[PDB]
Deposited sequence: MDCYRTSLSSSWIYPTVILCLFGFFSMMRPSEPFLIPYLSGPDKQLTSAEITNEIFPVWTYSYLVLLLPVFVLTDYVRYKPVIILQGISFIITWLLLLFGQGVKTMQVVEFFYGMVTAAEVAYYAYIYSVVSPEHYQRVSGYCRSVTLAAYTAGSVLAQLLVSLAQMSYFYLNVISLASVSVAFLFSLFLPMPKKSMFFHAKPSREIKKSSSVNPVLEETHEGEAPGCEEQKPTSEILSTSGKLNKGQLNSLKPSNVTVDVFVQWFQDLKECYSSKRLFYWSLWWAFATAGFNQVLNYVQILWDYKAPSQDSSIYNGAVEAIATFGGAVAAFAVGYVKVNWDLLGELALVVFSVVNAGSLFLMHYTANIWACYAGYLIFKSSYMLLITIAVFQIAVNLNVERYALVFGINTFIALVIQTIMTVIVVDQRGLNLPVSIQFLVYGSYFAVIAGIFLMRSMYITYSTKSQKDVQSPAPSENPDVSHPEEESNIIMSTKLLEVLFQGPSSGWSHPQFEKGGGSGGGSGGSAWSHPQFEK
């Protein structure tokens, strides 16, 4: 009774998340196919993702529950096809900004993928089935990244013929999405807690830490292309993106394996590993070597996933399943307001229009000021 909706939803999650072209994006955008200057990608186009995701977050969250979760999963599958049709044939800077907007829909509509299962499976088969659907997303993007490198290296496949595989993959994803059973109840429509000392405190580090994480991962392929232009030397983006994704998975798994009370060791473990994020972000900035810049990416992604797991674990210790949605929905919206303010001032063309060379001296220092504030907050 639970195996059909999960098999169809896991197949959609696997095929929609398998996109070999993702690691080779800036190499593709700033190439002979859609030759676009680095300053045009970082300061004009990319900011449009956080602006559009911010606006299309509350409406889609309320829409996902009003109409059932299935209608919005089909919408995400369409936005996948539109994004990769423009990413293949669309030309110019203004078309790439539309691609940024449509990817904000793709990222804003994934709420219905994980929220769908709760309304179609029994409560007991929820944590197990929620794990199956989350792990198939990691296996798909870690296998897809490995496929990208194994072709670009041992087969000399053009970046253009990696978006064709990405388009073919998400086109199949929007074939199972039409076959999922339609839910017969939502969480809120058809179905004060922040006062706790822990929940508000733990939500602030989550909201602030994740906002910087999204900012760092945003302009990271631009940094790699700056330290080693893709048209001059070999670039191992696919192998690096796969190992970093795999490394982050083990960091999250290890957090739940060791049984250590996250109250006498909960705040300290978030300052020690937040310092590691800052230390790993200055290395990516101050090093002329591309291998040391790859290693800094591994440590940043692995280290961050080791705390978002601890922050999430502590947040969700007394809340119901119904209160996860509207507590993790606010935190994801606060993190976007933080990200938008940082993007407007730092990266946006109308703001400071800082290049990617100096940007990581800001992101690295951003994580160093969160550690001090959460270490200087212990005042006596």
query: Regions left out of the model, expressed as runs of the deposited sequence counted from 1; finding: 1 to 10, 202 to 270, 460 to 535
